[PDB]
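final.csv follows; it contains CSV, C-alpha atoms.
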chain,number,residue,atom,x,y,z
L,4,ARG,CA,-20.5,13.3,33.7
L,5,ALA,CA,-19.9,13.2,30.0
L,6,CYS,CA,-16.8,12.9,27.7
L,7,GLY,CA,-16.5,13.7,24.1
L,8,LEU,CA,-14.3,14.7,21.2
L,9,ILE,CA,-13.9,18.0,19.5
L,10,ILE,CA,-13.8,16.5,16.0
L,11,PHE,CA,-12.2,18.5,13.1
L,12,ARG,CA,-11.2,18.0,9.6
L,13,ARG,CA,-8.5,19.8,7.5
L,14,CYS,CA,-9.4,21.6,4.4
L,15,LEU,CA,-6.3,21.7,2.2
L,16,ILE,CA,-7.3,23.5,-1.1
L,17,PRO,CA,-5.7,26.9,-0.2
L,18,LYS,CA,-7.0,28.8,-3.2
L,19,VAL,CA,-10.6,28.4,-2.0
L,20,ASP,CA,-10.9,26.9,1.5
L,21,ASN,CA,-11.8,29.8,3.8
L,22,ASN,CA,-11.0,27.7,6.9
L,23,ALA,CA,-8.1,25.2,7.0
L,24,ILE,CA,-9.8,23.6,10.1
L,25,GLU,CA,-13.5,22.8,10.3
L,26,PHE,CA,-15.2,21.5,13.5
L,27,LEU,CA,-18.1,19.0,13.6
L,28,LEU,CA,-21.2,20.1,15.6
L,29,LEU,CA,-24.3,18.0,16.1
L,30,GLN,CA,-27.8,19.5,16.8
L,31,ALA,CA,-29.8,17.9,19.6
L,32,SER,CA,-33.2,16.4,18.7
L,33,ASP,CA,-35.0,17.6,21.9
L,34,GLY,CA,-34.9,20.7,24.1
L,35,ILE,CA,-33.9,23.9,22.3
L,36,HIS,CA,-31.7,21.9,19.9
L,37,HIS,CA,-28.3,22.8,21.2
L,38,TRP,CA,-25.2,22.4,19.0
L,39,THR,CA,-22.2,20.5,20.4
L,40,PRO,CA,-19.4,18.2,19.4
L,41,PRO,CA,-20.1,14.4,20.0
L,42,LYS,CA,-20.2,13.5,23.7
L,43,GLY,CA,-21.8,10.8,26.1
L,44,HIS,CA,-22.1,9.7,29.7
L,45,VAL,CA,-19.4,7.7,31.4
L,46,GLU,CA,-19.8,4.0,32.3
L,47,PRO,CA,-18.6,2.3,35.5
L,48,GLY,CA,-15.0,1.3,35.1
L,49,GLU,CA,-14.6,2.9,31.6
L,50,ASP,CA,-11.7,5.2,31.0
L,51,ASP,CA,-12.8,8.8,30.2
L,52,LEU,CA,-11.0,8.9,26.9
L,53,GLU,CA,-12.6,5.5,25.9
L,54,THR,CA,-16.0,7.1,26.8
L,55,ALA,CA,-15.2,10.0,24.4
L,56,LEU,CA,-14.3,7.5,21.6
L,57,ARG,CA,-17.4,5.3,22.3
L,58,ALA,CA,-19.7,8.4,22.4
L,59,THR,CA,-18.3,9.6,19.1
L,60,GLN,CA,-19.0,6.2,17.5
L,61,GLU,CA,-22.6,6.3,19.0
L,62,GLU,CA,-23.5,9.9,18.4
L,63,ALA,CA,-21.7,10.6,15.0
L,64,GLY,CA,-21.1,7.1,13.5
L,65,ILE,CA,-17.3,7.7,13.5
L,66,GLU,CA,-15.3,4.6,14.4
L,67,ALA,CA,-11.9,4.6,16.0
L,68,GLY,CA,-10.1,3.7,12.7
L,69,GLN,CA,-11.5,6.9,11.2
L,70,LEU,CA,-10.1,9.2,13.9
L,71,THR,CA,-6.7,10.3,15.3
L,72,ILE,CA,-6.5,11.6,18.9
L,73,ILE,CA,-4.3,14.7,19.0
L,74,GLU,CA,-2.2,14.4,22.2
L,75,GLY,CA,-1.7,17.4,24.5
L,76,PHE,CA,-5.2,18.9,24.5
L,77,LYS,CA,-8.0,18.3,27.0
L,78,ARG,CA,-10.7,20.6,28.2
L,79,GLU,CA,-13.1,20.1,31.0
L,80,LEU,CA,-16.3,22.2,31.0
L,81,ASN,CA,-18.4,22.8,34.1
L,82,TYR,CA,-21.7,24.6,33.8
L,83,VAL,CA,-25.3,24.8,34.9
L,84,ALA,CA,-28.0,23.9,32.3
L,85,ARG,CA,-31.7,24.0,33.3
L,86,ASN,CA,-30.8,24.4,36.9
L,87,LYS,CA,-28.7,21.2,36.7
L,88,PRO,CA,-24.9,20.8,37.0
L,89,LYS,CA,-23.0,19.4,33.9
L,90,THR,CA,-19.4,18.3,33.5
L,91,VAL,CA,-18.1,17.5,30.0
L,92,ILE,CA,-14.5,16.6,29.2
L,93,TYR,CA,-13.3,16.9,25.6
L,94,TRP,CA,-10.3,15.7,23.8
L,95,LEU,CA,-9.5,16.7,20.3
L,96,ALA,CA,-9.5,14.4,17.3
L,97,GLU,CA,-8.9,14.7,13.5
L,98,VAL,CA,-11.0,12.6,11.0
L,99,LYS,CA,-8.9,10.6,8.6
L,100,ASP,CA,-11.1,11.4,5.6
L,101,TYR,CA,-12.8,14.7,4.8
L,102,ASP,CA,-15.8,12.7,3.5
L,103,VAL,CA,-16.2,10.5,6.6
L,104,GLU,CA,-19.9,9.4,6.8
L,105,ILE,CA,-21.7,11.0,9.7
L,106,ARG,CA,-24.5,8.8,11.0
L,107,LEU,CA,-26.7,10.3,13.7
L,108,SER,CA,-28.7,8.5,16.4
L,109,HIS,CA,-32.2,9.5,17.6
L,110,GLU,CA,-30.4,12.0,20.0
L,111,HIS,CA,-29.4,14.3,17.1
L,112,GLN,CA,-31.2,15.7,14.1
L,113,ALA,CA,-28.5,17.4,12.0
L,114,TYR,CA,-24.8,18.1,11.7
L,115,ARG,CA,-22.5,20.9,10.4
L,116,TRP,CA,-18.8,21.2,9.6
L,117,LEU,CA,-17.8,24.8,10.3
L,118,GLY,CA,-14.9,27.1,10.6
L,119,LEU,CA,-14.0,28.4,14.1
L,120,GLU,CA,-16.0,31.7,14.0
L,121,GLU,CA,-19.2,30.1,12.6
L,122,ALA,CA,-18.8,27.1,15.0
L,123,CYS,CA,-18.6,29.5,17.9
L,124,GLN,CA,-21.7,31.4,16.8
L,125,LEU,CA,-23.7,28.1,16.3
L,126,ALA,CA,-22.4,26.6,19.5
L,127,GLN,CA,-23.3,29.9,21.1
L,128,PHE,CA,-22.7,28.9,24.8
L,129,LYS,CA,-19.6,30.7,26.2
L,130,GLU,CA,-17.7,27.7,27.6
L,131,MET,CA,-18.1,25.7,24.4
L,132,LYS,CA,-17.0,28.7,22.4
L,133,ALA,CA,-13.9,29.0,24.6
L,134,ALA,CA,-13.2,25.2,24.2
L,135,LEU,CA,-13.3,25.4,20.4
L,136,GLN,CA,-11.2,28.6,20.3
L,137,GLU,CA,-8.6,27.0,22.6
L,138,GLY,CA,-8.6,23.8,20.5
L,139,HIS,CA,-8.0,25.7,17.3
L,140,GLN,CA,-5.2,27.7,19.0
L,141,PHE,CA,-3.6,24.5,20.2
L,142,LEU,CA,-3.7,23.0,16.7
L,143,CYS,CA,-2.1,26.1,15.3
L,144,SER,CA,0.7,26.0,17.9
L,145,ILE,CA,1.5,22.3,17.1
L,146,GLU,CA,1.6,22.9,13.4
L,147,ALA,CA,4.1,25.8,14.1
L,148,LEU,CA,6.3,23.6,16.3
L,149,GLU,CA,6.3,20.8,13.6
L,150,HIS,CA,6.9,23.5,10.9
Represent the structure of the file as structure tokens.
Amino acid sequence: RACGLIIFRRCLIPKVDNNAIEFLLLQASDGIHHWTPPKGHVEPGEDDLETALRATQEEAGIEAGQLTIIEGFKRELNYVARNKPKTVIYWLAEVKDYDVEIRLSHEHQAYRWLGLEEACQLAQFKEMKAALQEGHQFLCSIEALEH
């Protein structure tokens, strides 16, 4: 069981920014080099949201002071990969600074910041695509309520 954060940043130059929201995906070092948001396995007695925060620091180098958890969104993914069951729980979090330094561990070899459509295409896997679409939809609905 793993927990992570769908990490996004806002792109606020309307004359040129194609996507007002970009999502962070990390490419795995091993296997077929999947692309996912930051995530990591739970620890005995650790709260699932604290696992997501810790795994984000470990996999992406993003520290808690650099993030803001967006309340109201959570998405649990259950799927089979390589004949093995996987559960991942994601919350949603915004980086404070567009230019936040991404530092990978040995587990990942690259990262991209992408608009929703391209994030979906790179993520490829249907439940991850759904989770990102749903995250984006949630962010738009909040912005409308605040607007």
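Computed from the coordinates, the atom CA of residue L:34 to atom CA of residue L:11 distance equals 25.3 Å.
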With a cut-off of 12 Å, could you pull out the residues of stretch 13-78 of chain L touching stretch 123-129 of chain L and give me the nearest pair of atoms for each, distance in Å to one decimal, using only C-alpha atoms, ordered by chain and ascending number, as a Markdown table?
| residue | atom | partner | partner_atom | distance |
| --- | --- | --- | --- | --- |
| L:25 | CA | L:123 | CA | 11.3 |
| L:26 | CA | L:123 | CA | 9.7 |
| L:27 | CA | L:126 | CA | 10.5 |
| L:28 | CA | L:126 | CA | 7.7 |
| L:29 | CA | L:126 | CA | 9.4 |
| L:30 | CA | L:126 | CA | 9.3 |
| L:31 | CA | L:126 | CA | 11.4 |
| L:36 | CA | L:126 | CA | 10.4 |
| L:37 | CA | L:126 | CA | 7.2 |
| L:38 | CA | L:126 | CA | 5.1 |
| L:39 | CA | L:126 | CA | 6.2 |
| L:40 | CA | L:126 | CA | 8.9 |
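Each of L:146, L:79, L:62, L:110 was checked against residue L:32 using all atoms listed in the file; the smallest atom-to-atom distance is that of L:110.
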Rank L:75, L:41, L:48, L:88 by their smallest atom-to-atom distance to residue L:10, using only C-alpha atoms, and report the top residue only.
L:41
Nearest to residue L:35, chosen from L:117, L:145, L:6, L:84, with only C-alpha atoms counted in the distances
L:84
L:116, L:93, L:76, L:141: which is nearest residue L:58, counting only C-alpha atoms?
L:93
For residue L:78, list every protein, DNA or RNA residue within 9 Å, evaluated using all atoms listed in the file, and leave out those in the same chain fewer than 2 positions away; present the list as a PyMOL selection string.
chain L and resi 76+80+91-95+134+137-138
